[PDB]
Amino acid sequence: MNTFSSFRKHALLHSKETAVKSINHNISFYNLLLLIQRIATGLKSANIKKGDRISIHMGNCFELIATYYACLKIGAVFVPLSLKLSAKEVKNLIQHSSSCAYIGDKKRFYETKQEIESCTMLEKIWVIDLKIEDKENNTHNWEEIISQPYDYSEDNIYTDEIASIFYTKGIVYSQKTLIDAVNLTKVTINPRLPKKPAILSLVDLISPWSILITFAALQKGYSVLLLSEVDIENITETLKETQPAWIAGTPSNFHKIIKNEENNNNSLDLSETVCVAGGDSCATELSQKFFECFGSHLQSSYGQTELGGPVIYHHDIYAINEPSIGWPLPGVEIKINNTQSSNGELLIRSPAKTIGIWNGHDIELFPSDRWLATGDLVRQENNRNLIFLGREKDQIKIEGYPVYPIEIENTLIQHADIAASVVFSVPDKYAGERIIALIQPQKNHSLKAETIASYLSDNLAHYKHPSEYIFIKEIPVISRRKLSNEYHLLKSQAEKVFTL
Ligand SMILES: CCc1cc(C(=O)O)c2c(c1)C(=O)C=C2
């Protein structure tokens with residue numbers, strides 16, 4: 001069982017349950033399968049064949065998930081085009097990917113029309129809500145692909161065959177890569193037992209992590225809630241109405257949800273809700289601000305397209321007082337380049353092996369034993385939790401020993417008088433580097449400098465101690481490199497500078 005057959009099995013055994021819903025629409029598992037079958041028939045009637053690449057370019061809608069599944073059913077290689085791409089970058093990917101067809105919605109197509117319609121290898125262009133005067137040549141209305149009943153034609157799909165290309169470099173997934181990537185993602189979707197759960201991903205469904213989440217949720221029998229851009233702009237209001245059991249988002253997504261409660265009397269109840277902050281870093285500081293706002297125990301996921309899917313999962317960030325990213329998922333193997341130290345660079349190999357990189361003309365094959373160098377520094381505890389020591393380019397050297405800003409910042413944020421902090425170093429003639437702490441005092445809370453110093457005496461080794469404190473009422477926009485370059489400016493704008 002491949003990804004489409006897994007969906008079809010659950011769809012046919014739980015046919016009347018809701019598979020996908022929006023605020024004002026819903027489709028059952030069975031009716032979703034019927035839509036998928038119609039699209040497949042339309043694709044094959046348009047002479048789309050196995051191995052043909054199809055660029056997909058649309059916002060969150062039921063047709064997007066059905067189109068993925070229709071591509072999987074007939075073996076058409078789907079190529080999702082991020083909504084963040086300009087018209088210029090969209091056309092480049094259509095050309096680079098050697099796509100011969102394109103499926104998009106009205107908003108994205110009309111932003112991109114000449115570019116799309118000037119890619120001459122595109123035999124078919126299907127647009128949801130295509131305007132009638134634009135039905136001509138190879139541009140078709142989406143209705144034409146579903147106008148014909150399912151023809152019950154068979155499909156021979158094999159696990160080694162290409163399934164999709166996800167551009168960061170076009171990362172090629174086989175059917176097996178997707179099976180294994182969804183299997184990793186399934187382990188990270190753990191809604192609480194309802195006293196039926198709906199899954200929400202705030203990342204666009206065109207983006208690989210949401211694709212995997214959606215497959216994984218449907219295969220577990222959950223419904224998937226799809227939100228529009230305006231729905232997410234009004235996320236607190238949307239959440240109060242839709243009440244999903246599980247929410248994936250960026251750290252920025254959840255920071256926004258926290259901010260909205262400050263100014264919205266009627267509190268949103270996320271206490272039963274399981275929330276997963278997804279990224280390539282650590283969510284420890286977010287998790288604890290997230291707990292005293294909502295009483296919810298934030299989780300995190302760590303992965304990237306080159307590793308197939310999520311590879312490291314923290315099912316309870318707030319339970320670990322040090323910054324940490326969690327535990328390798330099943331089959332995930334790690335290596336820490338920590339020669340002669342306890343801390344080192346995290347190297348990962350994933351059980352979801354991507355096939356290679358599409359370079360326009362050939363697939364650059366990956367030796368399936370290759371490790372990925374993350375650029376992140378870790379230490380592995382006895383229980384195999386990965387303590388997160390930050391971004392390797394951010395480490396500081398003090399008397400030869402490495403110092404990790406993320407670690408100092410996590411200690412600093414524990415103080416109630418500190419709203420936020422950023423630690424970085426500046427050059428120093430005879431010490432090499434000097435540690436600076438940029439401290440943001442909590443509003444109203446009166447400042448107070450040696451308190452920080454004495455606090456840090458009690459909690460970090462001396463060599464990690466900042467040599468200097470810059471008190472600033474707002475920290476600029478975070479890149480410790482840029483702030484280090486602005487060190488003299490920061491001091492001149494500072495409300496106070498304390499030098500030890
Ligand atoms: C599909 C590969 C993948 C991509 C991304 C991303 O945010 O780009 C993420 C993860 C996996 C993840 O586990 C949390 C964030």
# chains A, B, ... in the order shown; residues from 1 in each chain; ligands from 1
>>> closest_atom_pairs(of="chain A", to="ligand 1", cutoff="6 Å", atoms="only C-alpha atoms and all ligand atoms", output="CSV")
residue,atom,partner,partner_atom_place_in_ligand_line,distance
A:208,CA,ligand 1,1 (C),4.5
A:209,CA,ligand 1,1 (C),4.0
A:278,CA,ligand 1,14 (C),3.7
A:279,CA,ligand 1,15 (C),4.0
A:301,CA,ligand 1,13 (O),4.3
A:302,CA,ligand 1,13 (O),4.0
A:303,CA,ligand 1,11 (C),3.8
A:304,CA,ligand 1,3 (C),3.7
A:305,CA,ligand 1,2 (C),3.8
A:308,CA,ligand 1,2 (C),5.5
A:309,CA,ligand 1,2 (C),3.8
A:310,CA,ligand 1,13 (O),3.3
>>> select_by_dssp(residues="stretch 400-449 of chain A", states="strand (DSSP E)", output="ChimeraX atom specification")
/A:401-403,418-428,432-441
>>> select_by_dssp(residues="stretch 37-256 of chain A", states="helix (DSSP H, G or I)", output="ChimeraX atom specification")
/A:37-45,62-74,87-96,106-110,113-117,132-134,142-146,175-186,208-219,229-233,235-242,251-256
>>> residues_around(residues="stretch 424-439 of chain A", least_positions_apart="3", cutoff="10 Å", atoms="only C-alpha atoms", output="ChimeraX atom specification")
/A:394-400,403-406,408-409,412-413,417-421,442,447,449,452,463-475,479-488,490-491,494,496-499
>>> residues_around(residues="residue A:246", least_positions_apart="4", cutoff="6 Å", atoms="only C-alpha atoms", output="PyMOL selection string")
chain A and resi 191+199-200+273-275
>>> residues_around(residues="residue A:157", least_positions_apart="2", cutoff="7 Å", atoms="only C-alpha atoms", output="list in words")
residues 75, 155 and 159 of chain A
>>> closest_atom_pairs(of="stretch 166-254 of chain A", to="stretch 348-367 of chain A", cutoff="9 Å", atoms="only C-alpha atoms", output="Markdown table")
| residue | atom | partner | partner_atom | distance |
| --- | --- | --- | --- | --- |
| A:167 | CA | A:358 | CA | 8.9 |
| A:169 | CA | A:357 | CA | 6.2 |
| A:170 | CA | A:358 | CA | 4.9 |
| A:171 | CA | A:357 | CA | 4.8 |
| A:172 | CA | A:356 | CA | 5.4 |
| A:173 | CA | A:354 | CA | 5.2 |
| A:174 | CA | A:355 | CA | 6.5 |
| A:176 | CA | A:352 | CA | 7.6 |
| A:177 | CA | A:352 | CA | 5.0 |
| A:178 | CA | A:352 | CA | 7.3 |
| A:179 | CA | A:352 | CA | 7.9 |
| A:180 | CA | A:352 | CA | 4.8 |
| A:181 | CA | A:352 | CA | 5.2 |
| A:182 | CA | A:352 | CA | 8.8 |
| A:183 | CA | A:352 | CA | 8.7 |
| A:184 | CA | A:352 | CA | 8.0 |
>>> atom_distance(atom1="atom CA of residue A:148", atom2="atom CA of residue A:41")
7.2 Å
